């Protein structure tokens, strides 16, 4: 029933990133839609990183299988699964486009309908989460250029929040994750600050007095 709240002081910036183990040189699972949507969740977690507003990167170090990713040293970029999750807030009403470009090796994106909220004294609690059906799935052909640029545009309402999940896999060597936002003005952004949020948990016993 409520798609917004007066008190949203518990909203904080950024995607939450989870990095999972992935077998080096596996060019099969990157094309497997079940693996990209759910199967990856069974792998060992390597890192958890919050506060991420600039999600894109293009990393290749011929001399190291690790690199600094999202401010964290020694991340195993060479072979990994990355999951990014959060709530996208539309500022103004209009068509917003999410674009995945030249991905190496593969990525799948999920974008949900507007979340409802429970409104509490100390903040808002989003009720909807885990959209399960993907919109976009892009895969680099083995050993050839990824010329694919794939996008999803939809109308968003000013002030409303939409859950989003992006899954990215690097099987070996270069990790290229190019993820861009086009807002209704036509501006193209690689920085999601003031558009991407988490909602802090609160004590549901004291939601109201």
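Numbering follows the first chain given and starts at 1.
- Mean CA temperature factor is higher for 59-67 when stretches 155-163 and 59-67 are set side by side in the entry.
- The mean C-alpha temperature factor is higher for 6-14 when 6-14 and 189-197 are set side by side.
- The PDB entry assigns its highest CA temperature factor, among 182, 170, 47, 144, to 144.
- Ranking 104, 95, 114, 83 by Cα temperature factor from the entry places 114 first.
- Ranked by C-alpha B-factor against the other modelled residues of its chain, residue 124 falls in the highest third.
- Among all modelled residues in this chain, the alpha-carbon of residue 43 has a temperature factor (C-alpha) in the middle third.
- Residue 130: CA B factor in the highest third of modelled residues in this chain (values from the PDB entry).
- Among the modelled residues of its chain, residue 148 has a C-alpha B-factor that falls in the lowest third according to the deposited record.
- Among all modelled residues in its chain, residue 175 ranks in the lowest third by Cα B-factor.
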